[PDB]
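Below you'll find the structure, written out as structure tokens, and then a few comments.
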Amino acid sequence: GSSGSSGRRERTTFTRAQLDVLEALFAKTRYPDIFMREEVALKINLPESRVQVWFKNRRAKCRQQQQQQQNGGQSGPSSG
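Under the authors' numbering, think of the first position of the sequence shown as 1, with each following residue one higher.
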């Protein structure tokens, strides 16, 4: 039984303004410091969390892009 579940969010997707910055920091340093993260999260008006995430969700792509690296292999069946 839903209990409250109240509250209005701000935004779900990143805005050109937010990206332009986020990327700017990702292009200079993939692993920023607390000071850097705080600044942006405070500038782009976003929660330090979103910042840390975007960085992970974005970088994680390096793998989805047929990362040139031989490791081994594995199967991936489906369920019903």
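Ideal Cβ positions, reconstructed from N, Cα and C, are used throughout, including at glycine.
Residue environment: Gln18 is assigned as buried (16 or more neighbouring CB atoms within 10 Å of its CB, all protein chains considered). Between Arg37 and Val51, the CB-CB gap stays under 7 Å. DSSP, reduced to helix, strand and coil, places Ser49 within a helical segment of the structure shown. Contact check for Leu25 against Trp54 fails: the beta carbons are separated by 7 Å or more.
Per DSSP, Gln64 is one residue of the alpha helix (DSSP H) stretching across 61 to 64.
In the structure shown, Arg16 falls within a helical segment according to DSSP collapsed to helix, strand and coil.
Of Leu42, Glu48, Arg63, the smallest CA-CA separation from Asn71 is found for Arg63. Between the alpha carbons of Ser49 and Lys61 lies a distance of about 19 Å.
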